[PDB]
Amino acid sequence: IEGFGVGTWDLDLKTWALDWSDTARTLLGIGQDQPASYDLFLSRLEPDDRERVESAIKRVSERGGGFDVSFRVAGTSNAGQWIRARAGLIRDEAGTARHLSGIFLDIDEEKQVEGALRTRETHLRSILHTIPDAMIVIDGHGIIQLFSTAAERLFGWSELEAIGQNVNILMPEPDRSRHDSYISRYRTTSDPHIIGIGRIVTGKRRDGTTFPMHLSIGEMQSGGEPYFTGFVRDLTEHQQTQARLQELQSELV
């Protein structure tokens, strides 16, 4: 109760009387000496979560319940206090549903973690759509997990077509049949042949046509499994320009 760090509160469906903790007063940004009031509790809230609050108290009134709703208050000028109000029902007897008691939780840090994840996901999508090189992400066994827009244009598969399939569908033989062992050999020996180095190889479209590409791989670890992020650059025009360079310099020579 002293230094608890969590607010507590009470509200009765009949007589609408409310008593919150002193730790709860600070969370609402008001109440230095003034008394607890449910109308005052409304005043601190912004007028969207308001209607969701009485919708919640009407929902928990009906037969049963469970009460948890989240909101932000205007405590400070350029910041908001995010609070998750959680509560449970206690009936007097078999007769009616009397006062509902609960807690106020400070969920500033949880919402901060939320937004950070949301930003990272949004940004990952932008990287996938914008990157000029074809970006492919596989798991420890070569199973495509992400497939960039450039990769779609280059290999002729869509993201939904490619994600879940083995990365060896992108390459001709013998590399297609050997690519699983390439990954397994790397994982046991830790001796890289393309990671950090880079290699020009031949990639294969869904058409069946083949094209010269530069491959670059980087590794990561998540939940006990590695993931490999590949970057593919189409060298079909680069060696086409080299084919121009060598044959045009022949008629000079």
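From 1 onward, residues are counted along the sequence shown.
Participant: Which is higher in the entry, the mean Cα B factor of 171-179 or that of 88-96?
Facilitator: If you average the C-alpha B-factors of 88-96 and of 171-179, the larger mean comes out for 88-96.
Participant: Determine, for stretches 38-46 and 194-202, which one has the higher mean CA B-factor as deposited.
Facilitator: Taking the mean B-factor of the alpha carbons in each, 38-46 is higher.
Participant: Which of these, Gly208, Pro212, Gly64, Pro226, has its C-alpha atom at the highest B-factor, as the entry lists it?
Facilitator: Largest recorded C-alpha B-factor: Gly64.
Participant: Out of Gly142, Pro132, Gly80, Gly164, which shows the largest CA B-factor listed in the entry?
Facilitator: Of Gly142, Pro132, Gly80, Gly164, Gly80 has the highest C-alpha B-factor.
Participant: Test of reading the entry: by CA B factor among the chain's modelled residues, which third contains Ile127?
Facilitator: Answer is lowest: the recorded C-alpha B-factor places it there.
Participant: According to the PDB entry, is the CA B factor of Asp33 in the bottom, middle or top third of its chain, that is, lowest, middle or highest?
Facilitator: Top third by C-alpha B-factor.
Participant: Place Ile217 in the lowest, middle or highest third of its chain's C-alpha B-factors, as listed in the PDB entry.
Facilitator: Answer is lowest: the recorded C-alpha B-factor places it there.
Participant: What third of its chain, lowest, middle or highest, does the C-alpha temperature factor of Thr119 fall into?
Facilitator: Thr119: CA B-factor falls in the lowest third of its chain.
Participant: Is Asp12 in the lowest, middle or highest third of its chain when residues are ranked by C-alpha B-factor?
Facilitator: Its C-alpha B-factor, which the entry lists for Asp12, ranks in the highest third among residues of this chain.
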